[PDB]
Amino acid sequence: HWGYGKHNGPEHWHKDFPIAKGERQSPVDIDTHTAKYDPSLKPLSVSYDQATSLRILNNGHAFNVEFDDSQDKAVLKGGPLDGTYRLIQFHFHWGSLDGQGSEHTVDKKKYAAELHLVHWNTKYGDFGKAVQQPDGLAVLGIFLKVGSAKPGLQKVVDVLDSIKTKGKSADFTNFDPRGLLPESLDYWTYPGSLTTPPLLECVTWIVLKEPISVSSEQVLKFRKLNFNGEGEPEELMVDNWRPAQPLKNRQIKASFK
Ligand SMILES: Cc1ccccc1-c1ccc(S(N)(=O)=O)cc1
Ligand SMILES: [Zn+2]
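Per PDB author numbering: the sequence shown = residues 4 to 125, 127 to 261.
1. Using CA coordinates, which residue listed in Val109, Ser197, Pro13 is at the minimum distance from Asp139?
2. Let me check you understand the geometry: is the CB of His122 closer than 7 Å to at least one non-hydrogen atom of ligand 2?
3. Suppose contacts are defined by Cβ-Cβ distances below 8 Å. Is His94 in contact with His119 by that definition?
4. When DSSP labels each residue in this structure, what does residue 264 get in the three-state scheme?
5. Below 8 Å CB to CB, which residues in the same chain sit around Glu69 once its five sequence neighbours on both sides are set aside?
6. From what residue to what residue does the beta strand (DSSP E) around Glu221 run?
7. Take the Cβ of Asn178 as the centre, count every other Cβ of all protein chains shown within 10 Å, and call the residue buried at 16 or more, exposed below.
8. Is it true that the region 234-254 meets the region 6-20, where meeting means three or more beta-carbon pairs spaced less than 8 Å apart?
9. Looking at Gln255 and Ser29, is the spacing between their C-beta atoms short of 8 Å?
10. Would you list the one or two residues that DSSP bridges to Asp32?
11. Output the boundary residues of the alpha helix (DSSP H) element that contains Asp101.
12. Please go through the region 18-84 and give each complete beta strand (DSSP E) segment of 3 or more residues, from N-terminal end onward.
13. On the DSSP bridge list, what partners appear for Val211?
14. For the beta strand (DSSP E) that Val121 lies in, which residues bound it at each end?
15. Can you look up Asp165 in the DSSP assignment and give me helix, strand or coil?
16. Got a sec: does ligand 2 put a non-hydrogen atom nearer than 7 Å to the Cβ of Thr108?
17. Under three-state DSSP, which class holds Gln249?
18. Bridge partners of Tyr128, per DSSP?
19. Could you tell me whether the Cβ atoms of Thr208 and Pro42 are closer together than 8 Å?
20. When you compare only the Cα positions, how much space is there between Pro46 and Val150?
21. Any idea if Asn253 is buried or exposed, counting beta-carbon neighbours within 10 angstroms, 16 or more meaning buried?
22. Under the criterion of a Cβ to heavy atom distance below 7 Å, does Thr177 qualify as lining ligand 2?
23. Does the distance between the C-beta of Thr208 and the nearest non-hydrogen atom of ligand 2 fall short of 7 Å?
24. Alpha carbon to alpha carbon, how far is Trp97 from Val160? Give it in angstroms, no decimals.
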């Protein structure tokens, strides 16, 4: 079934997931000149001090760093959001080359990678319920450019050898996701979807203006991961990104002038 290759990639997804051609699909191009500053947008509130990471998993499409979301430990609120969203996992999308890899683009510019911190609205009780709601998820998206290393990313990079193939997981406790954030929390926001199947239209996207810098060696190690399972022919996990989708009847709002 679905993946990122010629025969099962983004152009094919609509056959099993017709919502692929829906009215609020993600990612999108962020046209910075058309985005409107909204002075009524509140600052983001990122509360990750009590975050409890548990595990890192190669799921055959990316790797997820998973958190304990059974309590309000790591939460996102404020910004465009009403209520409290719990961090459940983060993952990345990245390219085979430094000039591609992000899902969102900025004035059509592609970054080397994009970090997604996935949160669900606690008023819906669990993640599975939340993805069935138009305001069920808040995903914080952060662009990665290649330059200096991101020290807070290195513990992720160093465990990737142990989860090379699909279905492999490793203990990944005591990781602090605060080390993945840029200085500024200025953001764009719009209503959208999951960027992989099932492509559900349940996401409030919050995309940070300021990218983080990662080193060429760090992203190189992302690209050594495998889509395949152990004992199967090696296919490098690269270019696991969906391209920009039609904006249709949506406005992107900016928290900043
Ligand atoms: C992969 C998956 C399975 C069931 C429910 C949600 C997901 C999912 C898909 C995409 C994202 S993204 N890349 O928009 O942050 C997050 C979760
Ligand atoms: Zn993602």
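Where a beta carbon is used, it is the ideal one built from N, C-alpha and C, also for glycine.
Let me spell this out:
1. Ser197
2. no
3. yes
4. Residue 264 lies beyond the stretch modelled for the chain, which goes from 4 to 261, so this question has no answer here.
5. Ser56, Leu57, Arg58, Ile59, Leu60, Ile91, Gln92, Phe176
6. Careful: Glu221 lies outside any beta strand (DSSP E), inside the alpha helix (DSSP H) at 220-226.
7. exposed
8. yes
9. no
10. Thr108
11. Looking at the DSSP string, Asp101 is not in any alpha helix (DSSP H), and its letter there is neither H nor E.
12. 47-50, 56-61, 66-70, 78-81
13. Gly145, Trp192
14. 116-124
15. helix
16. no
17. coil
18. According to DSSP, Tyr128 bridges with nothing at all.
19. no
20. 28 Å
21. exposed
22. no
23. no
24. 15 Å
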